[PDB]
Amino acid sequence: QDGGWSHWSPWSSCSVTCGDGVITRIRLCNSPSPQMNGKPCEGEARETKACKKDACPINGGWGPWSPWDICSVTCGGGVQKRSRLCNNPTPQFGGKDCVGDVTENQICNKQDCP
C-alpha cells in the first residue's frame, strides 16, 4: 500500500541554553506504513529549525606574565615582581573571573656581597 506520514512531533526545547542552537520535530511513515508494492512517503522525516539566544558567558583567561622586574639589589638578597591581566580573554556575558594572583614576587641576587 501507499506510504502515509504521521502528524509531526512537538518541537524539542532549544538544543542550547545560550548562543545559536536548533529545535527538532519528527514524523514516521507509519500512517500507514508502506506495507508492500507501494510508493514511499514524500519528503524528509525530520525538521531542524534554528533557535538563537543571548551570548554564552566568556570566562576570563590570563594573558602572559610580564618579564620580571630587575632585582631590587645586585647582591645580598632582593625582590622582583611580575604581573598579568585577566583579558586573554576578558570575562564577558557574566563569564567567571580569572583564578589566581595578578602578581608574583621572588628573591633574586641572594649571593653574599663582596
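Each residue number is its position in the shown sequence, starting from 1.
Checklist entry - Out of 51-59 and 34-42, which stretch has the higher average CA B-factor listed in the record? => result Averaged over C-alpha atoms, the B-factors run higher in 34-42.
Checklist entry - Of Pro67, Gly76, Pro64, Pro89, which one's C-alpha B factor is largest in the deposited record? => result The record points to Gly76.
Next on the checklist: By the recorded C-alpha temperature factor, relative to the other modelled residues in its chain, which third is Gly19 in?
Outcome noted: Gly19: CA B-factor falls in the middle third of its chain.
Checklist entry - Taking the entry's C-alpha B-factors for this chain, is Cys29 in the lowest, middle or highest third? => result Answer is highest: the recorded C-alpha B-factor places it there.
Checklist entry - Which third of the chain holds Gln111 when residues are ordered by C-alpha B factor: lowest, middle or highest? => result For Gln111, the deposited C-alpha B-factor lands in the highest third.
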